[PDB]
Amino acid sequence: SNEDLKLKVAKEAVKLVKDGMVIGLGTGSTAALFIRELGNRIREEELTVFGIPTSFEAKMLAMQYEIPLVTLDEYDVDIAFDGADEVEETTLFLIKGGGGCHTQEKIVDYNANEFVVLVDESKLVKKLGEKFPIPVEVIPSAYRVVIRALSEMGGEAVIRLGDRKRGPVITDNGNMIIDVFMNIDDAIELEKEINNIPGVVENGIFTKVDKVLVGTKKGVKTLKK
């Protein structure tokens, strides 16, 4: 699972943090390494830096690494750092939500002044959604009719089931997750269309990325449109 490349991008990403910044703390294994680096760098350099978490996980990690936490209802974010399940090469469109936290991730990431994605090179894809389903957070009363709508749109949609709870996985917001495989022609339009299905709260297509840091065997390349 490319941990050395993940750590490499985390250590490079943390250099972008400046004293006085409010930083969005992403979710997933790559973000988690970044949160540890930020925690270290805050302590060792006596920085005044606050974090806004994108999940209970990010919140609990921040606490462990002693990053002061604030909320988006109180502060704007200077830079949001987050991972991705896929990054489309030519567009820098993402699929996120493998970890079931795409809703709070999007809220922070799209609202930050800058949104930086942190990935190892294996996340790069030629075609978004070819090999990874789109996560969709759904109001529980609407699961059947959202599966219908997604199926009408050409998707193969399945409810995400839990490993440590019986039945559907539940998000930090109390909703279910449907994962849907789609042939994505126009990712911007598809993101809009899925969100307009009654019962859909948010989906894992991200189309507003400022830049992508990619850990490779050679180093860290930056991608920007």
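Quick note: we count residues from 1 along the sequence shown, nothing fancier.
- When the two stretches 119 to 127 and 146 to 154 are set side by side, the higher mean Cα temperature factor goes to 119 to 127.
- Mean CA temperature factor is higher for 108 to 116 when stretches 132 to 140 and 108 to 116 are set side by side in the entry.
- Out of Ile159, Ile194, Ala187, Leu47, it is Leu47 whose C-alpha atom has the highest B-factor in the PDB entry.
- In the deposited entry, the Cα temperature factor of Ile23 places it in the middle third of its chain's modelled residues.
- Among the modelled residues of the chain, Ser55 sits in the lowest third by CA temperature factor in this PDB entry.
- When the modelled residues of the chain are ordered by their C-alpha B factor, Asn203 lands in the lowest third.
- Among all modelled residues in this chain, the alpha-carbon of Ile177 has a temperature factor (C-alpha) in the lowest third.
- When the modelled residues of the chain are ordered by their C-alpha B factor, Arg36 lands in the highest third.
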